[PDB]
Amino acid sequence: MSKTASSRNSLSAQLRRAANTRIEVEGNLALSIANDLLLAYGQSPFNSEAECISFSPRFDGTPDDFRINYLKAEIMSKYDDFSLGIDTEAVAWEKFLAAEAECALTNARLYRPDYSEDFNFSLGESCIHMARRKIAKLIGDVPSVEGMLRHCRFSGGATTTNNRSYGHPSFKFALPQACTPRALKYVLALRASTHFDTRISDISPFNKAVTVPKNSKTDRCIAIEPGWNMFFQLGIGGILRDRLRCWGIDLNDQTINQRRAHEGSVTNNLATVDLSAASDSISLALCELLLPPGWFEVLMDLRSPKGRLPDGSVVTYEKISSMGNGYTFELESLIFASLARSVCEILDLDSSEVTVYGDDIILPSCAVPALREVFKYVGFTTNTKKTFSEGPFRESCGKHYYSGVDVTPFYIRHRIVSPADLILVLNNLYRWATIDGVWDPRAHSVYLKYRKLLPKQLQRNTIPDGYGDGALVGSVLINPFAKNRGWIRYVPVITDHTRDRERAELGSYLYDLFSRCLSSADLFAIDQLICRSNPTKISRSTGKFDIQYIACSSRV
Amino acid sequence: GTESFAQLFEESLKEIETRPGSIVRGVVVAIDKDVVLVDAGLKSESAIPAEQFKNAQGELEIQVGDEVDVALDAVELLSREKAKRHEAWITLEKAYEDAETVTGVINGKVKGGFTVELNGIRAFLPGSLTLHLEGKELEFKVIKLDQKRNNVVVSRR
Amino acid sequence: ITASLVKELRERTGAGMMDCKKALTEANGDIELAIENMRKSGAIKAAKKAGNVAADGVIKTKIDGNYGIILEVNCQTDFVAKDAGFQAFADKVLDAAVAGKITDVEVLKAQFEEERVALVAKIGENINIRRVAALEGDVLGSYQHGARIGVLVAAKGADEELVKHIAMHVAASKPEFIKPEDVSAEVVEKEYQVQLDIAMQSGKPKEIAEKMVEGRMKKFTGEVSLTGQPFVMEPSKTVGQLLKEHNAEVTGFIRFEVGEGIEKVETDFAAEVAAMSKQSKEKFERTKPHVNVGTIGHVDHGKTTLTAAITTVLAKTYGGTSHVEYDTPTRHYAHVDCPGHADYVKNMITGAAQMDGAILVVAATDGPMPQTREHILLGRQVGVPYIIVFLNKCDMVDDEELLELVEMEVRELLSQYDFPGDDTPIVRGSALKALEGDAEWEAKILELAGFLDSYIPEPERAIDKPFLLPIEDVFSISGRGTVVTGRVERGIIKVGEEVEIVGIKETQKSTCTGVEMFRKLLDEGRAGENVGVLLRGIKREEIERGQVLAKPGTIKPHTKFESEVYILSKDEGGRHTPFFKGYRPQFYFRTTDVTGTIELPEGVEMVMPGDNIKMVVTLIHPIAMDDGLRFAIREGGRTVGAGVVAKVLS
């Protein structure tokens with residue numbers, strides 16, 4: 001990128017140039033930081049890269065002893081660039097094909113049980129029958145054909161016909177998408193409901209299964225649904241997202257389960273259940289037994305029946321749908337919620353203490369024993385290690401608490417290469433150790449040390465917390481690079497240099513037209529003035545860094 | 001007009017279900033001196049022999065802009081539910097019309113009474129109408145069978 | 001009895017209309033005798049208004065050499081605070097404090113006791129001299145931020161300019177001590193114990209728990225010292241550093257803010273009104289006009305009980321932003337209450353309260369009040385199209401000649417502010433009486449409702465206005481042509497009709513080649529419908545968001561204009577600090593931001609968060625705008641306030 005010559009000298013040209021330099025250090029810097037941090041906190045440093053992903057925490061000792069303890073077992077656990085020779089992708093497909101084989105056993109058992117087996121048929125069968133009733137009362141006999149279109153839209157992700165560089169919705173409306181045979185009529189019905197040439201590429205029952213990093217031991221197997229299938233799979237999710245609020249389940253707000261996890265770490269009467277590969281474990285049989293037929297028929301229409309792997313090998317899914325599906329997140333919330341709410345009514349507990357966020361469940365500790373028997377029967381594997389029904393520790397939706405104390409860790413994921421990457425690590429450490437701007441002396445020395453690895457200028461260049469990680473977090477009042485012109489101090493921050501790409505003009509027109517067709521008592525009216533629609537503009541990141549000033553505010 | 005969108009859709013989807021899943025609603029585009037092309041909405045416009053659209057003699061009274069029903073390529077299997085369950089549900093429907101018994105097992109208790117499993121079908125035992133394991137098999141008589149919503153009520157005796 | 005004389009009796013002291021005749025009924029004819037026992041019988045009236053909370057009023061400062069005085073006088077509503085008689089009272093008190101160096105507020109209270117009760121009886125609100133303090137130094141200065149905040153500052157070796165700047169800063173940052181060392185050496189040791197427990201909670205080690213606490217201490221003991229605070233005119237340096245540059249030293253300061261520490265009792269107008277209540281034919285209903293009104297008058301005149309009567313009688317007869325709403329056969333109403341002058345202008349600006357007409361409420365037993373002038377004036381300054389008068393409590397006015405000479409008072413006051421006084425509908429009714437079921441007075445409530453339907457005109461529906469569509473994006477549909485999108489704000493756009501593209505760049509003309517939706521294609525674009533407008537000839541490169549389509553010659557571009565503005569407060573997610581003469585924020589108009597610069601009114605040098613203010617804005621680019629257009633003021637996404645285009649300029 002331009003420029004690096006001796007021409008110019010403006011603060012931006014220097015900060016930009018200093019932002020495109022590289023942190024020249026030997027070995028694994030990310031591990032160097034964590035080690036010095038464990039030492040500053042008086043802890044046994046990492047033996048080798050191996051111990052990073054194998055160290056396990058001690059759920060005892062004072063909150064402080066555990067907050068640094070739990071950070072050790074988690075900080076490098078998701079590290080991207082180890083050299084252990086561990087095949088993250090192969091272990092992914094092993095769990096995938098295994099979780100798939102688990103549905104076949106589960107599908108078999110639920111369609112026609114084998115009472116000679118170990119499962120507790122009595123409680124599970126009576127629980128299904130009851131959850132089915134509570135479900136049919138909530139969602140009705142069939143999904144509203146209007147409410148579904150009310151939530152139909154295109155995801156920003158990739159499809160069977162668009163790589164993530166053509167993932168913007170304007171390219172979904174521009175390029176003919178794909179669809180499965182049972183979902184054909186939906187597309188054809190829509191084609192007959194607009195004058196715009198709604199069009200189809202190919203008819204196929206396949207969806208693309210791929211891999212996306214999850215941590216240092218395994219990747220994550222997700223599904224890339226066909227274009228038009230995702231379009232309506234989301235319409236179903238939206239209906240389920242609206243109906244779930246009746247059970248007190250707002251899938252738009254993680255802070256519910258968070259506060260509940262905090263509460264359970266104190267009262268010790270609430271539990272945080274953790275399921276292993278639960279999204280891949282939603283059998284077809286459990287769906288045909290719990291969902292009223294009108295609904296099940298539509299889910300069957302919109303799901304992908306088969307899926308081709310990156311090997312060329314095709315798998316016919318025993319599961320209803322995988323994690324990359326439009327309604328899978330909503331569906332699993334509904335199933336876990338109904339089963340949890342029904343477990344309570346059977347134990348004479350408050351079925352309102354059931355909170356669900358897809359894979360993440362909070363529950364009265366007195367129902368975990370019975371809930372575990374139900375999941376095991378319906379094909380859900382409960383991971384005993386990270387399921388806390390008693391004890392000082394809880395965890396739900398990114399928040400981790402220990403006797404009320406927030407012990408949420410931070411993750412160093414990638415190799416700290418550019419000054420941008422180091423500032424983020426330094427900032428995550430800042431946020432983890434500060435208390436209202438005040439540093440923790442133990443972590444503070446480590447921060448000052450690895451901050452010296454930044455170019456001299458990017459060291460005193462700070463911004464207030466909550467303005468991103470394009471600069472070190474600190475007091476912006478002493479930042480010598482901040483311009484207070486207009487009575488509004490602007491601060492230079494690092495950003496991703498981008499090159500403009502031409503959008504799909506007609507594609508973007510439809511995306512606009514279509515988004516309009518599907519649509520403190522004083523501070524409210526002011527926000528009405530702001531038109532919150534963003535004109536579609538496609539850009540390409542280049543791996544170079546730009547410096548742009550932003551308006552900032554001393555948080556005094 | 002109007003006619004809401006969610007209304008123009010529901011009836012278009014309802015009409016699409018009045019045809020077989022192999023024939024499609026398509027509009028013709030450009031009729032040549034031999035072949036007529038239909039646009040079903042797919043990548044490859046369907047071509048049909050213009051001869052079959054003639055009269056008792058010659059000439060073809062169809063023109064561009066008219067919708068024609070064209071067949072789709074059937075190119076080109078869920079063995080788990082094939083565990084014999086569609087007929088397993090017809091067994092109740094036939095044993096209900098003939099007024100006959102059907103083998104079933106009482107798994108567990110419920111609000112209204114009990115849950116019964118008959119060939120993979122979950123039914124309702126009103127309990128009206130001393131156990132237990134291993135879910136002993138019992139001959140049940142079907143009293144009320146809801147055809148559309150899978151719900152069936154079974155009697156003891 | 002003898003109504004000509006009682007009219008002469010209102011002078012002196014605008015006493016209640018019935019108070020004057022009742023005062024003559026006992027000791028009859030002798031107007032001078034009536035005045036005297038009416039004067040002493042006012043002191044009891046003043047003790048009864050004592051219970052009424054008075055967290056409003058004024059702050060006044062006077063400096064005479066090396067000696068300054070700050071004072072706070074409380075009234076009930078800021079309508080009284082803007083009132084001539086009240087003001088004359090406070091000024092009289094301030095002069096007495098500086099003149100005699102009176103620092104004991106109780107000596108001051110006892111001195112102006114007779115004068116305030118003669119003022120209380122005349123105004124009817126609880127008026128009290130709250131507190132008074134004196135400050136001395138080598139150089140004194142004072143800053144008055146409106147009437148709500150006032151400051152006194154003492155310094156050494158500082159010119160008046162530097163002290164005036166300190167005074168303004170003190171007013172905006174509310175420090176409690178001069179230097180951080182001035183904070184109580186033992187009172188701070190308590191706050192250290194509160195923070196040593198919140199740290200020892202988890203929480204060790206001890207050397208770390210204390211080190212973190214003492215760290216946050218020096219932080220939150222420089223946020224309270226004047227020296228430690230960032231100078232509001234130069235945040236990069238602290239006031240201490242500012243002083244140490246000019247070789248100066250602050251010797252003391254005092255900051256009064258109106259109602260500080262008084263229990264600001266929150267009031268729910270809807271709750272009070274609602275709690276007091278109930279003690280084509282198809283296309284007609286969905287087309288019924290919406291009209292906004294508001295009651296504005298003295299507090300004890302029972303605006304809240306009249307509005308409770310309007311709701312219940314309209315319910316008994318027709319069967320059905322703290323606002324209340326009722327229905328008449330012809331239109332639907334939204335009824336709000338205007339308790340304060342600044343309160344309504346803030347909502348008049350945000351759009352959270354836009355009246356089409358107001359109901360001035362005067363208790364006939366009192367007649368107009370002295371602050372009734374400010375009540376009617378407020379209606380003038382927000383542009384209230386029409387005012388309807390409702391004389392309340394007419395059931396207790398014995399002589400009918402007394403009711404009429406009250407009308408003449410009201411009609412003259414309205415005429416004194418360009419309101420059609422000779423034509424102003426005045427309903428002689430009774431609110432407290434219409435809630436029982438007294439048809440004679442229940443009919444007067446319906447009479448007022450009739451005037452609302454007849455006197456207050458139907459606001460102009462957006463469909464009837466000239467076509468205008470705020471462009472949100474442009475597209476170049478290959479094979480067809482250029483098309484823009486947005487929701488039609490006003491009017492109707494038809495195919496074949498010509499249009500202008502106004503704003504940002506040179507305004508240009510084009511012809512509408514077609515209107516389009518997703519569901520179908522249309523012939524016209526009606527107001528409120530989201531559409532794309534296909535345009536002839538013009539290319540996509542020549543259009544852009546922020547512009548508007550409009551009928552040729554309807555709206556035009558402007559760059560300089562006058563505006564009423566509200567700056568959000570701290571707790572409203574607005575600015576943290578004040579801005580001054582060179583403010584340069586972002587002005588959001590419909591679809592896009594345009595940078596502009598402000599001209600503060602004369603006298604105004606510092607705008608604080610939560611302030612009303614007028615100011616002349618000059619934008620970097622022209623914008624299709626006309627009088628009344630509302631806009632947001634943003635600092636890079638963060639909404640920091642909003643305003644209303646009051647006057648377009650050149």
# chains A, B, ... in the order shown; residues from 1 in each chain; ligands from 1
call {"tool": "interface_residues", "arguments": {"of": "chain A", "to": "chain B", "cutoff": "9 Å", "atoms": "only C-alpha atoms", "output": "PyMOL selection string"}}
result
chain A and resi 104+107-108+110-113+115-116+121-127+129-130+141+145-150+176+181-182+184-186+188-194+197-204+284-285+289+292-294+305+316-318+346+517-518
call {"tool": "residues_around", "arguments": {"residues": "residue 147 (chain C)", "least_positions_apart": "2", "cutoff": "12 Å", "atoms": "only C-alpha atoms", "output": "PyMOL selection string"}}
result
chain C and resi 56-61+71-74+78+81-82+87+90+143-145+149-151+256-259+342+611
call {"tool": "residues_around", "arguments": {"residues": "residue 65 (chain B)", "least_positions_apart": "6", "cutoff": "9 Å", "atoms": "only C-alpha atoms", "output": "number ranges by chain"}}
result
B: 27-29
call {"tool": "closest_atom_pairs", "arguments": {"of": "chain A", "to": "chain C", "cutoff": "9 Å", "atoms": "only C-alpha atoms", "output": "JSON lines"}}
result
{"residue": "A:62", "atom": "CA", "partner": "C:202", "partner_atom": "CA", "distance": 6.7}
{"residue": "A:63", "atom": "CA", "partner": "C:202", "partner_atom": "CA", "distance": 5.1}
{"residue": "A:64", "atom": "CA", "partner": "C:202", "partner_atom": "CA", "distance": 5.6}
{"residue": "A:65", "atom": "CA", "partner": "C:204", "partner_atom": "CA", "distance": 8.7}
{"residue": "A:193", "atom": "CA", "partner": "C:519", "partner_atom": "CA", "distance": 6.5}
{"residue": "A:194", "atom": "CA", "partner": "C:519", "partner_atom": "CA", "distance": 5.2}
{"residue": "A:195", "atom": "CA", "partner": "C:520", "partner_atom": "CA", "distance": 6.0}
{"residue": "A:196", "atom": "CA", "partner": "C:518", "partner_atom": "CA", "distance": 7.5}
{"residue": "A:403", "atom": "CA", "partner": "C:202", "partner_atom": "CA", "distance": 9.0}
{"residue": "A:405", "atom": "CA", "partner": "C:202", "partner_atom": "CA", "distance": 7.4}
{"residue": "A:435", "atom": "CA", "partner": "C:212", "partner_atom": "CA", "distance": 8.5}
{"residue": "A:436", "atom": "CA", "partner": "C:216", "partner_atom": "CA", "distance": 8.0}
{"residue": "A:437", "atom": "CA", "partner": "C:216", "partner_atom": "CA", "distance": 7.9}
{"residue": "A:438", "atom": "CA", "partner": "C:216", "partner_atom": "CA", "distance": 5.9}
{"residue": "A:439", "atom": "CA", "partner": "C:212", "partner_atom": "CA", "distance": 6.8}
{"residue": "A:440", "atom": "CA", "partner": "C:212", "partner_atom": "CA", "distance": 6.4}
{"residue": "A:441", "atom": "CA", "partner": "C:208", "partner_atom": "CA", "distance": 6.5}
{"residue": "A:442", "atom": "CA", "partner": "C:208", "partner_atom": "CA", "distance": 7.7}
{"residue": "A:477", "atom": "CA", "partner": "C:236", "partner_atom": "CA", "distance": 5.5}
{"residue": "A:478", "atom": "CA", "partner": "C:236", "partner_atom": "CA", "distance": 6.4}
{"residue": "A:479", "atom": "CA", "partner": "C:236", "partner_atom": "CA", "distance": 8.5}
{"residue": "A:480", "atom": "CA", "partner": "C:236", "partner_atom": "CA", "distance": 8.8}
{"residue": "A:484", "atom": "CA", "partner": "C:235", "partner_atom": "CA", "distance": 8.5}
{"residue": "A:485", "atom": "CA", "partner": "C:584", "partner_atom": "CA", "distance": 7.9}
{"residue": "A:486", "atom": "CA", "partner": "C:584", "partner_atom": "CA", "distance": 4.4}
{"residue": "A:487", "atom": "CA", "partner": "C:583", "partner_atom": "CA", "distance": 5.7}
{"residue": "A:488", "atom": "CA", "partner": "C:635", "partner_atom": "CA", "distance": 7.6}
{"residue": "A:505", "atom": "CA", "partner": "C:475", "partner_atom": "CA", "distance": 5.8}
{"residue": "A:506", "atom": "CA", "partner": "C:477", "partner_atom": "CA", "distance": 5.4}
{"residue": "A:508", "atom": "CA", "partner": "C:475", "partner_atom": "CA", "distance": 7.9}
{"residue": "A:509", "atom": "CA", "partner": "C:475", "partner_atom": "CA", "distance": 6.4}
{"residue": "A:510", "atom": "CA", "partner": "C:518", "partner_atom": "CA", "distance": 7.3}
{"residue": "A:512", "atom": "CA", "partner": "C:485", "partner_atom": "CA", "distance": 7.9}
{"residue": "A:513", "atom": "CA", "partner": "C:518", "partner_atom": "CA", "distance": 5.5}
{"residue": "A:514", "atom": "CA", "partner": "C:518", "partner_atom": "CA", "distance": 5.8}
{"residue": "A:516", "atom": "CA", "partner": "C:530", "partner_atom": "CA", "distance": 6.2}
{"residue": "A:517", "atom": "CA", "partner": "C:518", "partner_atom": "CA", "distance": 6.3}
{"residue": "A:520", "atom": "CA", "partner": "C:572", "partner_atom": "CA", "distance": 8.2}
{"residue": "A:521", "atom": "CA", "partner": "C:321", "partner_atom": "CA", "distance": 5.1}
{"residue": "A:522", "atom": "CA", "partner": "C:352", "partner_atom": "CA", "distance": 5.6}
{"residue": "A:523", "atom": "CA", "partner": "C:572", "partner_atom": "CA", "distance": 7.2}
{"residue": "A:524", "atom": "CA", "partner": "C:352", "partner_atom": "CA", "distance": 7.9}
{"residue": "A:525", "atom": "CA", "partner": "C:352", "partner_atom": "CA", "distance": 5.8}
{"residue": "A:526", "atom": "CA", "partner": "C:350", "partner_atom": "CA", "distance": 5.7}
{"residue": "A:527", "atom": "CA", "partner": "C:639", "partner_atom": "CA", "distance": 8.0}
{"residue": "A:529", "atom": "CA", "partner": "C:590", "partner_atom": "CA", "distance": 6.3}
{"residue": "A:530", "atom": "CA", "partner": "C:590", "partner_atom": "CA", "distance": 6.7}
{"residue": "A:531", "atom": "CA", "partner": "C:591", "partner_atom": "CA", "distance": 5.5}
{"residue": "A:532", "atom": "CA", "partner": "C:591", "partner_atom": "CA", "distance": 8.5}
{"residue": "A:533", "atom": "CA", "partner": "C:472", "partner_atom": "CA", "distance": 7.8}
{"residue": "A:534", "atom": "CA", "partner": "C:472", "partner_atom": "CA", "distance": 8.3}
{"residue": "A:535", "atom": "CA", "partner": "C:473", "partner_atom": "CA", "distance": 5.8}
{"residue": "A:536", "atom": "CA", "partner": "C:473", "partner_atom": "CA", "distance": 8.5}
{"residue": "A:550", "atom": "CA", "partner": "C:636", "partner_atom": "CA", "distance": 7.4}
{"residue": "A:551", "atom": "CA", "partner": "C:636", "partner_atom": "CA", "distance": 6.0}
{"residue": "A:552", "atom": "CA", "partner": "C:635", "partner_atom": "CA", "distance": 8.7}
{"residue": "A:553", "atom": "CA", "partner": "C:576", "partner_atom": "CA", "distance": 7.4}
{"residue": "A:554", "atom": "CA", "partner": "C:576", "partner_atom": "CA", "distance": 7.7}
{"residue": "A:555", "atom": "CA", "partner": "C:576", "partner_atom": "CA", "distance": 7.8}
{"residue": "A:556", "atom": "CA", "partner": "C:576", "partner_atom": "CA", "distance": 7.6}
call {"tool": "atom_distance", "arguments": {"atom1": "CA of residue 380 (chain C)", "atom2": "CA of residue 416 (chain C)"}}
result
10.6 Å
call {"tool": "residues_around", "arguments": {"residues": "region 253-257 of chain A", "least_positions_apart": "3", "cutoff": "7 Å", "atoms": "only C-alpha atoms", "output": "MDAnalysis selection string"}}
result
chainID A and resid 250 260:261 355 362 396:397
call {"tool": "write_last_selection", "arguments": {"atoms": "C-alpha atoms", "output": "CSV table (one decimal), in the first residue's frame"}}
result
chain,number,residue,atom,x,y,z
A,250,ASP,CA,-35.4,-14.0,24.1
A,260,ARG,CA,-28.8,-16.5,35.8
A,261,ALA,CA,-25.3,-18.1,35.6
A,355,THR,CA,-33.9,-20.6,30.3
A,362,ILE,CA,-29.9,-23.0,32.7
A,396,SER,CA,-23.6,-19.5,30.3
A,397,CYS,CA,-23.3,-17.6,27.0
call {"tool": "residues_around", "arguments": {"residues": "residue 391 (chain C)", "least_positions_apart": "3", "cutoff": "9 Å", "atoms": "only C-alpha atoms", "output": "ChimeraX atom specification"}}
result
/C:360-364,367,394,403,406-407,426-430
